[PDB]
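Protein chains in written order, with the entry's author numbering: chain V, 18 to 117; chain G, 20 to 225; chain T, 3 to 144; chain U, 2 to 142; chain d, 6 to 67; chain S, 2 to 69; chain R, 2 to 141.
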Amino acid sequence: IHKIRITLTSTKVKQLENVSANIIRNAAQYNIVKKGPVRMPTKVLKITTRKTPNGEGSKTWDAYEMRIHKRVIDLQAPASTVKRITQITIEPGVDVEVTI
Amino acid sequence: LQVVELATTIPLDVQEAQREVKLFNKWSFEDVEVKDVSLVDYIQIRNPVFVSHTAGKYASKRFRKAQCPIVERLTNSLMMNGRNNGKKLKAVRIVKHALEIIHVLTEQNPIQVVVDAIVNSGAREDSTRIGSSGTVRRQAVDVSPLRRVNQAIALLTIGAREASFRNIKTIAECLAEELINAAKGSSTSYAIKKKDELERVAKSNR
Amino acid sequence: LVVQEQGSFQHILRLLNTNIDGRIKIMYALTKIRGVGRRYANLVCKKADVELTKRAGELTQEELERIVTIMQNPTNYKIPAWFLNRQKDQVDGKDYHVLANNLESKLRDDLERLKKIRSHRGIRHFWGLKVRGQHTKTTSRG
Amino acid sequence: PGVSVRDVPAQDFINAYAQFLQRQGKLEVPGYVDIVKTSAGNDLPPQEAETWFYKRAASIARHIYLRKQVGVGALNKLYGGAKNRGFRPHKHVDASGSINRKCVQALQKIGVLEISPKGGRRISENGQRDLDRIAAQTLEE
Amino acid sequence: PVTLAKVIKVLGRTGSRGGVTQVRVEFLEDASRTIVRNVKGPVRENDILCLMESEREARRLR
Amino acid sequence: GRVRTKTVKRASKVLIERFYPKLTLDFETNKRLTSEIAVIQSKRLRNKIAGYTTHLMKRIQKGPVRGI
Amino acid sequence: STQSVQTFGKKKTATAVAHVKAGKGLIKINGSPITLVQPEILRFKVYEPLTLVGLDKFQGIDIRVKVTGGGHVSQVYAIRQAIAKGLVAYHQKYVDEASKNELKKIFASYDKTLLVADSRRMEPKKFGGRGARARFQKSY
RNA sequence: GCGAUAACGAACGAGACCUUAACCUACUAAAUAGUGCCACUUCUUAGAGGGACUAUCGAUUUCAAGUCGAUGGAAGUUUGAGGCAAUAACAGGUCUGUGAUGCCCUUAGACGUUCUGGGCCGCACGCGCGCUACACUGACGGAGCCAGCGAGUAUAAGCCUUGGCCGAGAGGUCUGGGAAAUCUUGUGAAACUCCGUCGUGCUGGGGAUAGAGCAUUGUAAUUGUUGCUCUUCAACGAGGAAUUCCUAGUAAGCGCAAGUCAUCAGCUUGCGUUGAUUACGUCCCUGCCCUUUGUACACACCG
Ligand SMILES: [Mg+2]
Ligand SMILES: [Mg+2]
Ligand SMILES: [Mg+2]
Ligand SMILES: [Mg+2]
Ligand SMILES: [Mg+2]
Ligand SMILES: [Mg+2]
Ligand SMILES: [Mg+2]
Ligand SMILES: [Mg+2]
Ligand SMILES: [Mg+2]
């Protein structure tokens, strides 16, 4: 047995929730007790620039955004099982960090 | 009438409010009546309130102002001149003290005196301008009951404000003096000089 | 509570060659004396045990002399050095608090002490311009 | 019923505990209380020169009573106010650190406070006893 | 000697800036002699607005 | 204002011209029916379409409508 | 456990979570009695849900609210809403629905905000001005 | 859009759409959230959805598009706010954002690059965006004591910084936490409320100008970087002709954070606290659009 935390972070929620559900599924068919996924409050990285490359015209501003979505999953399973679950549910967009 | 014992003790005077809803738990609306048929529907005293602070939505539709309590419209109009905008608790404090002064003076019901000053302060004919692109022109027209009421409140609070500016006399008792004088029709008061001068110009234009 | 007196009130006071209105409260009456602000008068009154609830004319001569004594000798009455007007003096290095007539004398002496060495600040004092780096393009219009 | 600090109005509880703590007399008052300003944002010393330290210590004690291991920096933030910067807009500025730190040290050696674990200063075993006592003897009148 | 006249029909906005309204008033007593008059403030139907002088009709405002 | 556009007016009258027997005077039923009859990309447009189809049905039951 | 209902009232940002358990008429604000809620001049806003129906409705129930966020006034309105809704939810769950509808009738006939949270929120600020609609002064 | 109709049926733009706010005791879970006594998801977070479509009823209307009243509702002003945004066009602004660029100029005593010091701050003056005020709806003094949007580091070149201890303050020092729903931080913000002093006075309003001193950042503070202490106590007693912004959680106050940033915010970009007066109308001024009309204009009346 091993209390293992898996942290999932990404900008887009569709692949994040797909990876989250796939991990929960593999922690379900394997009779491994789980807590999650826990949807952390999304972070809005906001940048408000001036439209003008120069400084002429009406003062108009862009407001760019970068939403960051975070999920944490707690598993009670051996590290080999959890890591191979990670390789089962590996996705380019979503990054994964595993902590014991 | 029985006193209801709770685990969290409740004071006697506020337990007395179960019988009747009174302004500041001190002033009753029951024996108060508007001495003008034309402003009954625009002076709202039928629904009693405890404190002149309701935080209602009276600016959405056109005539929602007529449903706001008349005292709440007065305390809303008190908070003017920049430094007082948004200071409603201060305005309510001023109204609450003003009512007590209006009670100790002339002994009448303070909100009856308020109603009398409002019915007595609104000009019944105002001379609107009909100038054709710059030239001076005036025509005497009638004044709607809603504008008559809310101009009464505007003039009453403006007069109290100017009487309390740079004066040792406090705003609550300047409002009390302005309200009492307009209630009894004295021409010494502001908003009665203004009302007479307004209806005089309207008489000089028809 | 309200109390009455006869012959003790003094309509006009004269302290440190300054005329003091006798109907001003003592803490703010002393502020007429140049070099004495509200903060300083509050402390000289607390060091002289003169309760602030008294008008200027209420004070007796014994208290008035005890106050002018404290104002003229602040460090001797446990008044901190940092609280004083003129601390670490230029010539003798001791902490001072200048008063009515000494203030303009030592302010002048500071102006000439800067102009004699021809510092930039002394020069701008000579020219009558602002010395603390303020922009003078658009506000020095008086 | 058992009266507690939360069951009595703060303003007259503080007015009663300041009087009790002064007549009790064991609180040590630093020597600069007649000189100092409470905050750098203040412009004048307290008008109640003789009693302000006692009342402030009573307020600090009650405030710590209702919370858990509040530090002295938080007390500086609590008692700080808007500074009257001349032509620039107003700003919040903290109160003096020494006055609050001296108050909490005086209450800690008078028995009302102690160093709390993971920082701050908790209220003492007898601090609850005597604040709840003052609360009981405050609102019966 | 003021006379009270309930409004029974709101004719329309008149005047140069539209700040005055033509309205159709009916007297409370002697329910006849219906008159067209101008009013400054906002007006709904069934307003008991009083008239300082009665013997005058109203027309468009400039 | 609350003036419906042509994308809702013509889509509602195609519904009437195509499924009048299956329609009704109830918004909830019309709302469910047009969700299985038409491919509507957004819920807001579905509700607007069903609310005007309901209005048109309510007007048809009172007599003949012009254009449908 | 026991007959417990949990509710919340809201104003602009203030939110007050009320726990209503079966007991005596104990009514606390963050562990403090309601007779000393500040500001004092708005104390009758929270006295309204009490004196409108009569304190006898609170004999069998104790109400403890925890109000956080918002401001002083927004917290007062959140508290009075949490109290009124907690009383209604208790009547609806452990008393006949006739009384719950009676209470809702007096409450709605007196003030909509007793049961329905006011939906007004602050408009966002837009660039080109210091406020939502206000704009920087223009010069020609 | 209705409708009238030599037109009929369409496309772009508008609207739909997308982001955000308001409802959900209805799902899915949460020791990085909260609560009750391990349990649970009301509040908290966020994903899957539901919900509103002017819904129902009255009036008016070409009975049409609609509008105005009510009732229910979380929401009935396009439900609130934005993002995106057509056909052409302007000698609009930027080659001082670009290792984007054509050409011209210069290219070693350089117009390249770098170093030192100064300037961009310089002051008889005119103008624009603002910040403080002229007091009592107030100044101080204690006490009460409530937000939301956010940001935060490693062998650096030093981030957010609690807690203890010094220091009147500003600030200093020693440890620890936080690469963060975990710590700063419940950012205990300011207006605001209570209790006191002041008493219509250029006054305890106002805080310029200036003197002396103490610290911080930085290689460097002089032409005061900035903060703090004492002192100095100016105009200003509500502002001419003119002129700006604004319709509901809006205006006005009131602060807070982020950007710039070694230091410096009277500035912007947002956020929340308190919270109104008055319309809910018109073409009178102003700007723009459309129709008729005249034209010797078409580089289009700056003809
Ligand atoms: Mg929109
Ligand atoms: Mg370029
Ligand atoms: Mg250089
Ligand atoms: Mg420059
Ligand atoms: Mg500007
Ligand atoms: Mg918060
Ligand atoms: Mg900054
Ligand atoms: Mg700038
Ligand atoms: Mg032609």
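All C-beta atoms in this analysis are idealised placements derived from N, C-alpha and C, irrespective of residue type, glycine included.
May I ask you to report which of helix, strand or coil DSSP gives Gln104(V)?
-> In the first sequence, counting from the first residue as 1, residue 104(V) sits at position 87. Here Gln104(V) sits in helix by DSSP.
Give the secondary structure of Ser146(G) by DSSP, where H, G and I count as helix, E and B as strand, and everything else as coil.
-> Your numbering for residue 146(G) matches position 127 in the second sequence. Strand.
Of the choices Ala96(V), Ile85(V), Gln104(V), whose alpha-carbon is the least far from that of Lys31(V)?
-> Reading the first sequence from its first residue, position 14 is the one you call residue 31(V). Answer by Cα proximity: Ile85(V).
List the endpoints of the continuous alpha helix (DSSP H) containing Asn104(G).
-> On the second sequence, residue 104(G) is found 85 positions in, with the first residue counted as 1. Neither: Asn104(G) is in no alpha helix (DSSP H) and is coded neither H nor E.
Chain-ordered residues of the region 14 to 43 of chain R with a beta carbon less than 7 Å from chain U | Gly32, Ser33, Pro34, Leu37
Leaving out five residues on either side along the sequence, give the residues of the same chain with a beta carbon under 6 Å from the beta carbon of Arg18(d).
-> To locate residue 18(d), count along the fifth sequence from 1; it is residue 13. Excluding positions up to five away in sequence, the list reads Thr26.
If we count the other Cβ atoms within 10 Å of its Cβ and call it buried at 16 or more, is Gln34(G) buried or exposed?
-> Start at 1 with the first residue of the second sequence, and residue 34(G) comes out as number 15. Label assigned to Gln34(G): buried.
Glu35(G): first and last residue of the uninterrupted alpha helix (DSSP H) it sits in = In the second sequence, residue 35(G) corresponds to position 16, counting from 1. Its alpha helix (DSSP H) spans residues 31 to 35.
Assign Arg130(U) to buried or exposed, taking buried as 16 or more other Cβ atoms, counted over all protein chains shown, within 10 Å of its Cβ.
-> Taking the first residue of the fourth sequence as 1, we reach residue 130(U) at position 129. Under this definition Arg130(U) is an exposed residue.
Just confirm the distance between the C-beta atoms of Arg143(G) and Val162(G), as a whole number of angstroms; I'd bet it's less than 8 Å.
-> Numbered from its first residue, the second sequence carries residue 143(G) at position 124. Numbered from its first residue, the second sequence carries residue 162(G) at position 143. Sure, about 6 Å apart at Cβ, within 8 Å.
Assuming residue 1(R) and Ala19(R) form a contact by the criterion Cβ under 8 Å, report the distance between their Cβ atoms to the nearest whole angstrom.
-> Outside the displayed range of chain R (2 to 141) lies residue 1(R), so it cannot be described from this structure.
Where the region 73 to 89 of chain T meets chain U: residues whose CB sits under 9 Å from a CB there = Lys80, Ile81, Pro82, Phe85
Compare the C-beta of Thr28(G) against all C-beta atoms of chain R and say whether one is closer than 9 Å.
-> By 1-based counting over the second sequence, the position of residue 28(G) is 9. Cβ-Cβ to chain R under 9 Å: yes for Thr28(G).
By Cβ distance below 7 Å, which residues in the same chain neighbour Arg101(V) in space, the five residues on each side in sequence not counted?
-> To locate residue 101(V), count along the first sequence from 1; it is residue 84. Cβ neighbours of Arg101(V) beyond the five flanking positions: none.
Along the region 91 to 108 of chain U, what residues have a CB closer than 9 Å to any CB found in chain T?
-> none
Start and end residues, beta strand (DSSP E) containing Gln93(V) | Looking up residue 93(V) in the first sequence gives position 76. Looking at the DSSP string, the run of the beta strand (DSSP E) that includes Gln93(V) is 78 to 93.
Counting only beta-carbon atoms, is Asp133(U) nearer than 9 Å to chain R?
-> By 1-based counting over the fourth sequence, the position of residue 133(U) is 132. No, its Cβ sits nowhere closer than 9 Å to a Cβ of chain R.
Any beta-carbon of chain G closer than 9 Å to the one on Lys126(R)?
-> Within the seventh sequence, residue 126(R) is the residue found at index 125, counting from 1. Chain G, which has no Cβ nearer than 9 Å to the Cβ of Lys126(R), makes this no.
Around the C-beta of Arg120(T), are 16 or more other C-beta atoms found within 10 angstroms, so that it is buried, or is it exposed?
-> To locate residue 120(T), count along the third sequence from 1; it is residue 118. Its Cβ having fewer than 16 others within 10 Å, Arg120(T) is exposed.
Under 7 Å from the C-beta of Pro46(U): neighbouring residues of chain T | Looking up residue 46(U) in the fourth sequence gives position 45. Near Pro46(U) (Cβ distances below 7 Å), the residues of chain T are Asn44.
Do you know how far the Cα of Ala51(S) is from the Cα of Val6(R)?
-> Numbered from its first residue, the seventh sequence carries residue 6(R) at position 5. Numbered from its first residue, the sixth sequence carries residue 51(S) at position 50. Rounded to whole angstroms, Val6(R) to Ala51(S) spans 39 Å at the Cα level.
How far does the beta strand (DSSP E) with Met57(V) in it reach, from first residue to last?
-> Locating residue 57(V) in the first sequence gives position 40, where the first residue counts as 1. Counting along the chain, the beta strand (DSSP E) containing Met57(V) begins and ends at 51 to 67.
In whole angstroms, what separates the C-alpha of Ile28(T) from that of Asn21(T)?
-> By 1-based counting over the third sequence, the position of residue 28(T) is 26. By 1-based counting over the third sequence, the position of residue 21(T) is 19. Distance between the alpha carbons of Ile28(T) and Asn21(T) is about 13 Å.
Whole-angstrom distance between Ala80(V) and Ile135(U), CA atom to CA atom = Locating residue 135(U) in the fourth sequence gives position 134, counting from the first residue. Locating residue 80(V) in the first sequence gives position 63, counting from the first residue. In a straight line, the C-alpha of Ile135(U) is about 56 Å away from that of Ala80(V).
Any idea if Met123(R) is buried or exposed, counting beta-carbon neighbours within 10 angstroms, 16 or more meaning buried?
-> Sequence index remark: in the seventh sequence, residue 123(R) carries index 122 (1-based). Exposed, because fewer than 16 other Cβ atoms sit within 10 Å of the Cβ of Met123(R).
For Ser27(V), the first and last residue of its enclosing beta strand (DSSP E) = Along the first sequence, read from residue 1 onward, the residue named residue 27(V) stands at position 10. Note, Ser27(V): beta strand (DSSP E), 20 to 27.
Neighbourhood of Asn43(V) by C-beta, 8 Å cutoff - its chain only, sequence neighbours within 5 removed = Translated into the one-based positions of the first sequence, residue 43(V) becomes position 26. Around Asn43(V): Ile102, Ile105, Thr106.
Quick one: what does DSSP say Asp52(d) is sitting in, helix, strand or coil?
-> On the fifth sequence, residue 52(d) is found 47 positions in, with the first residue counted as 1. DSSP places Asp52(d) in coil when its eight states are reduced to three.
Contact between the region 10 to 23 of chain U and the region 56 to 74 of chain U: three or more CB pairs below 8 Å?
-> yes
Please name the residue, chosen from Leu105(T), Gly135(T), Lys56(T), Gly130(T), that lies closest to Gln74(T) on a Cα-to-Cα basis.
-> Counting from 1 along the third sequence, the entry for residue 74(T) is found at position 72. Looking at the Cα atoms, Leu105(T) is the closest of the given residues.
For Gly24(d), verify whether its CB is less than 8 Å away from any heavy atom of ligand 6.
-> As a first step, residue 24(d) must be located in the fifth sequence, where it is residue number 19. It does not: the Cβ of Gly24(d) is nowhere closer than 8 Å to a heavy atom of ligand 6.
Are the C-beta of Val30(U) and some C-beta of chain R separated by less than 9 Å?
-> The count along the fourth sequence starts at 1 and reaches residue 30(U) at position 29. So, not an interface residue.
Rounded C-beta distance between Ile72(T) and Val38(T)? I'm assuming under 8 Å.
-> Locating residue 72(T) in the third sequence gives position 70, where the first residue counts as 1. Locating residue 38(T) in the third sequence gives position 36, where the first residue counts as 1. About 11 Å separates the two Cβ atoms, so there is no contact after all.
Heavy atom of ligand 5 within 8 Å of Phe45(R) beta-carbon | Start at 1 with the first residue of the seventh sequence, and residue 45(R) comes out as number 44. Checking every heavy atom of ligand 5 against the Cβ of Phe45(R), none is found closer than 8 Å.
Distance, Cα to Cα, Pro164(G) vs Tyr66(U)?
-> Walking along the second sequence from the start, residue 164(G) turns up at place 145. Walking along the fourth sequence from the start, residue 66(U) turns up at place 65. Whole-angstrom Cα-Cα distance: 58 Å.
Cβ-Cβ distance between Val90(G) and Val114(G) below 9 Å = Against the second sequence, residue 90(G) aligns to sequence position 71. Against the second sequence, residue 114(G) aligns to sequence position 95. Their beta carbons are under 9 Å apart, which means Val90(G) touches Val114(G) by this criterion.
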